[PDB]
Structures are given as C-alpha cells and as structure tokens.
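S.K.: Can you keep this structure in mind? I'll have questions shortly.
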Amino acid sequence: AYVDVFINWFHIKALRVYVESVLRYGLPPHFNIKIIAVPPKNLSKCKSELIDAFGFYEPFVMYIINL
Amino acid sequence: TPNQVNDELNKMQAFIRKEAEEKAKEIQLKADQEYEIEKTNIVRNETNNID
Amino acid sequence: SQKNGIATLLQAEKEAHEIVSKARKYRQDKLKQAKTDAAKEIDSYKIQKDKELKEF
Amino acid sequence: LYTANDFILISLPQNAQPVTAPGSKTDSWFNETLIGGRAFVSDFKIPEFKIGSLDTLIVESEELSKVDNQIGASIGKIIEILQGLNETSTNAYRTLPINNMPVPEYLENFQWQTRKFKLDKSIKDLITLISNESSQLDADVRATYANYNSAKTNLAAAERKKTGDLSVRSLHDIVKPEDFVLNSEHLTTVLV
Amino acid sequence: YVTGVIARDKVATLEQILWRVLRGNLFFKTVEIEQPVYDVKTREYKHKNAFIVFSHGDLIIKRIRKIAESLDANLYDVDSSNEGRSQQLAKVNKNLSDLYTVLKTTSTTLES
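Shown next as structure tokens:
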C-alpha cells in the first residue's frame, strides 16, 4: 500500500496541478511544471527564492509544496 | 501590469470560447448521430407497416 | 484596461451564446432533414410495393 | 543527495520566463532563477487534458484539494502502520520501495498517469476514480491495521493471565486437569 | 454578471477574496458612492461603493452570491440591456416618488 496509495496520491497531485495550471495559468494548456526535491534545509530558502522569481494560498502559478 | 490584466481577460475569453466550441461540437455530433438513428428507425417501422 | 476587458468578456459571452444557438438550430435542422429523409425512403418503399402489387 | 527531503513542485506558465533576475527560462530557470538551492528540478507533461467548464474546473479544483488532503492522510496512516512493524519507521519513512524504486527515483518522472489511473476520459471522472480507488485502498489498509491491533490486544490479554497461584490459573501449563482430583465418586474435584 | 454595493473600505478585501476563491481570474469593476448609506446591518451611515464582477459558469455565479452574502454585500437585479435598465430605473423612480410623498406626509402627521 505504501507504494500503491503512493502512486494514487502522486496521480491525484498531478491532477490537482493540472487543474491549478488550467485555472491560474490560462488556456491553451501548457506548463513548464517541474517538481524539485529540495535539500533538507533549503525548503524555506526555495520558497523565498521562488516567490522572488514569481510574476504573481500560494500566489502566481501553483507552487504547492509536496511532503 | 496592463499586459497581465489583458492576459487575464484574454484567458477568460479563450476559456469561454473553448467551452462554447466544445459544447457546440458535441451537440452537433450527438444530434447528427441521433438524427441518423431516428431516421433509420422511422424508415424501418414505416417499411414494416407497408410490408 | 479593466473596461476593455469587461467589454471583451461581454462580447465573448455574446459570441458563445450565438454559437450555442447556431449549434441548436443546426441540430434541429438536421433532425428535421433526417425525418424528411426517412419519409422519402418510406415513400419510395411504398411505391415499390405498389408497383409490385400492380405487376401481380 | 537530499534523496529523502520534501519535494517542491511548481506549475509556472510555459509562456513567460519566471526569472526575476533576467536569466533565462526553462532549464536556465531551474539552473539560475532557482540557483539558491541549485537543486535538481524536472518533470514531463502528463496532462489530463480533458478540460470542462470554468465552474467545472473550479469545483474539480476544490475536489482535488480535498482528495489530496485525504491521500496525504492515508499516506500518514500508512507510515504509522509501517511504524507498527517499525522497521521502516526506524529508517526514513520515504525509504519504502515504490514502483521498484525509492521515492526520488520514482519522482524523477511522473508518466504513471497513463493507463491504470484513467485513459484521458474526463477530469471530473478521473478525479472521482482516483479518489475512490485511493479511499478503498486506505480503507483496506485501515481494516488490516485494525485486525492486527485486535490480534495484538488478544495476545496481550492471553498473556495477562498469571500462570496460577493467583486469581488467574495456569491450566494451560499446570498439573490441575491431570491431577488425581480429575474425577470423584459422584462429582469432580477442583480447588486452588 | 455581478451587481451589488459594499463598504468602500472593504472593497479591496472583497476583490482579493474574489481573485483567490476562484483560482483563476474574473472581470471586476467598482465605483465609490457619492454619499454614505445608513445600512440596517451596520446601523450607521457608513461609506459604500458599487461592486461589479463577471464570470462564465453558473456555479461560479452562485459562489459569488454566497461570498457576497457572507461579506454582508447586498445585491440587486440590474438589467444588462440599456432599454431594460432604463425601464427598471423609471419604475423605481415612479414608486420612489410616491414613497417620498408618503414618508413626508406621515412624518408631518407624526410630528404634528
């Protein structure tokens, strides 16, 4: 289950990301969406860095942190 | 920022147009199929009565 | 501009409504033609049956 | 390495260059515009491209948020269940092998949304099916954990019985049933 | 579309919550009122401002209704057509003139 439900949750997250990128970002659908496994201590910095590099509940396009 | 507001308005208009076009295409296809099926059924019933 | 965006949204909504109405009208016309098309085939088959009866 | 930390996912539009400092978009974006961590970032499109209406899109977004919360809760419950065995809890909770790989290896792509989840049928339908399947699997895992807990409670209750010499007897491993008190002339003798 | 009025100070938060509640965007328009309105809920002559928005789906319109009601923003059934809006305004004025006359008469009788 820690694999099957894991895959189910990943697919659900992909669906949510598609829904957000089809709502926040506008049609026609397109996305440079990419998931970065951040260094353990860099998560706060990346949010600070990304929100800095964001042409804007997270603002701009979806930046929902995973796990 | 004017470009962003115009982009948002264009995105809303494009979403509306895409939804309308998809609905119209689905309606047209379903209507054509249903019309063909109903014509075939009516012709078959009339032909059975005539036979 | 906000007013330009609102006007564009209104125009897009009007165009969408017109497209939906045109699709519905085309659907009705196609259904009517199919009903007429079935009537033509039924009439042709009845004419064939009448010709067969006359030949008999 | 950072092969077990929290993974950050963004959905920046493919049109513009989100780099605040000029730089360049896409790969140059992930390499410079996010160079503060300068960490690995990649994904491949797996679009549930079937898009309904704007109201439908928003309702499906809310439902997707709810399903994501539910799936996260299920994953946490599975982590707790593994802590029941405690071997995966002794190590990193992410170390459990998924799709013949660890978590970062599997997350290196996301193309699994091809056949099993759906077949590009409908966004609302795909969300409903994924949520229902995940809920059923989570319910099965919860039932298995409940059964294991009940069995452990039964074992604890069985072991709680003191082996004789007290209000709890040792009839399992005492000489009571096999004693000469087993049968009497017109009764059966039992006393301790 | 969306028609209603709300306190001019809270229009910014109303706009923020509109932009956030639907993850995308929606058309918006606003205009400050000339004089404060003594709202029954507010029980004071607080400032107000007109609120106008637009959306496609009917569920989005219902959500706008719900959040506007939660934000204590009353709504009115305006007419998109210029002729219909003019007719509605004329009917409103026709009723309202009798309303001013009757309120003046009853106030005079009560004070007397």
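The listed protein sequences correspond, in order, to chains A, B, C, D and E. For the first sequence, this note's numbering assigns the number 67 to the last residue and increments by one with no breaks. For the second sequence, this note's numbering assigns the number 1051 to the last residue and increments by one with no breaks. For the third sequence, this note's numbering assigns the number 2056 to the last residue and increments by one with no breaks. For the fourth sequence, this note's numbering assigns the number 3192 to the last residue and increments by one with no breaks. For the fifth sequence, this note's numbering assigns the number 4112 to the last residue and increments by one with no breaks. The C-beta atom is built at its ideal place from N, Cα and C for all residues, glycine as well.
Report yes or no: do three or more beta-carbon pairs, one from the stretch 3077-3085 of chain D and one from the stretch 17-35 of chain A, lie closer than 8 Å?
M.R.: no
S.K.: Measuring straight from C-alpha to C-alpha, what distance separates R4023/E and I64/A?
M.R.: 13 Å
S.K.: Which whole-angstrom value is the C-beta distance of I4052/E and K4029/E, which I expect to be below 8 Å?
M.R.: 4 Å
S.K.: Pull out every residue of the stretch 2030-2049 of chain C whose Cβ sits closer than 7 Å to any Cβ of chain B, in chain order.
M.R.: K2030, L2031, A2034, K2035, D2037, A2038, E2041, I2042, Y2045, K2046, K2049
S.K.: Which ranges does the beta strand (DSSP E) cover as unbroken runs of at least 3 residues, wholly within the stretch 3064-3126 of chain D, from first to last along the chain?
M.R.: none
S.K.: For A3151/D, does the three-state DSSP call read helix, strand or coil?
M.R.: helix
S.K.: Take residue 2972/D as the anchor and find which of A53/A, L67/A, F60/A, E58/A has the nearest alpha-carbon.
M.R.: Given a span of 3001 to 3192 for chain D in the structure shown, any question on residue 2972/D remains unanswerable.
S.K.: Hey, could you find the ends of the beta strand (DSSP E) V4037/E is sitting in?
M.R.: Where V4037/E is concerned, the enclosing beta strand (DSSP E) stretches over 4037-4039.
S.K.: Would you decide whether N3005/D is buried or exposed? Buried here means 16 or more other CB atoms lie within 10 Å of its CB.
M.R.: buried
S.K.: Can you grab the Cα-Cα spacing for the pair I2047/C / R2027/C, in whole Å?
M.R.: 30 Å
S.K.: Closer than 8 Å, CB to CB, is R4023/E near chain D or not?
M.R.: yes
S.K.: Using three-state DSSP, classify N3183/D as helix, strand or coil.
M.R.: coil
S.K.: Would you be able to state if there are at least three C-beta pairs under 8 Å between the stretch 3003-3018 of chain D and the stretch 2002-2011 of chain C?
M.R.: no
S.K.: Could you tell me whether the stretch 3043-3058 of chain D touches the stretch 1005-1024 of chain B, where touching means 3 or more Cβ pairs closer than 8 Å?
M.R.: yes
S.K.: Any beta carbon from chain D within less than 8 Å of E1019/B's own beta carbon?
M.R.: Under the Cβ distance rule, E1019/B counts among the residues neighbouring chain D, one pair being separated by less than 8 Å.
S.K.: Mind pulling the chain E residues with CB within less than 8 Å of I3010/D?
M.R.: For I3010/D, no chain E residue has a C-beta closer than 8 Å to its own C-beta; the minimum C-beta separation is roughly 15 Å.
S.K.: Does any C-beta atom of chain E lie closer than 8 Å to the C-beta of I2019/C?
M.R.: no
S.K.: Closer than 8 Å by beta-carbon distance: list the chain B residues that pair up with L2009/C, in chain order.
M.R.: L1009, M1012, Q1013, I1016
S.K.: Quick check on DSSP: helix, strand or coil for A3004/D?
M.R.: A3004/D: coil per DSSP, three-state reduction.
S.K.: Given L3191/D, which residues of its chain have a CB within under 7 Å of its CB, disregarding the five upstream and five downstream residues?
M.R.: none
S.K.: What residue does the beta strand (DSSP E) around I3051/D start on, and which one ends it?
M.R.: Run containing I3051/D: none; DSSP gives neither H nor E here.
S.K.: Rounded to whole angstroms, what's the CA-CA distance from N4074/E to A4050/E? Just pull it up for me.
M.R.: 10 Å
S.K.: Under 8 Å, with one C-beta from each stretch per pair, do the stretch 3167-3179 of chain D and the stretch 3107-3120 of chain D reach the 3-pair mark?
M.R.: Two segments are said to touch when three or more pairs of C-beta atoms, one from each, lie closer than 8 Å; by this definition the stretch 3167-3179 of chain D does not touch the stretch 3107-3120 of chain D.
S.K.: Closest to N66/A by C-alpha separation, out of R16/A, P59/A, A1/A, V3/A, would be which residue?
M.R.: The option with the nearest alpha carbon to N66/A is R16/A.
S.K.: Among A3158/D, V3059/D, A3139/D, which one has its Cα closest to the Cα of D3125/D?
M.R.: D3125/D has its Cα closest to that of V3059/D, out of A3158/D, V3059/D, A3139/D.
S.K.: Can you tell me whether residue 4139/E is helix, strand or coil according to DSSP?
M.R.: Coverage of chain E is limited to positions 4001 through 4112, which leaves residue 4139/E absent and any answer about it impossible.
S.K.: Report buried or exposed for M62/A, applying the criterion of at least 16 other Cβ atoms within 10 angstroms of its Cβ.
M.R.: buried
S.K.: Can you pull the chain A neighbours of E3060/D, defined as C-beta to C-beta under 7 Å?
M.R.: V19
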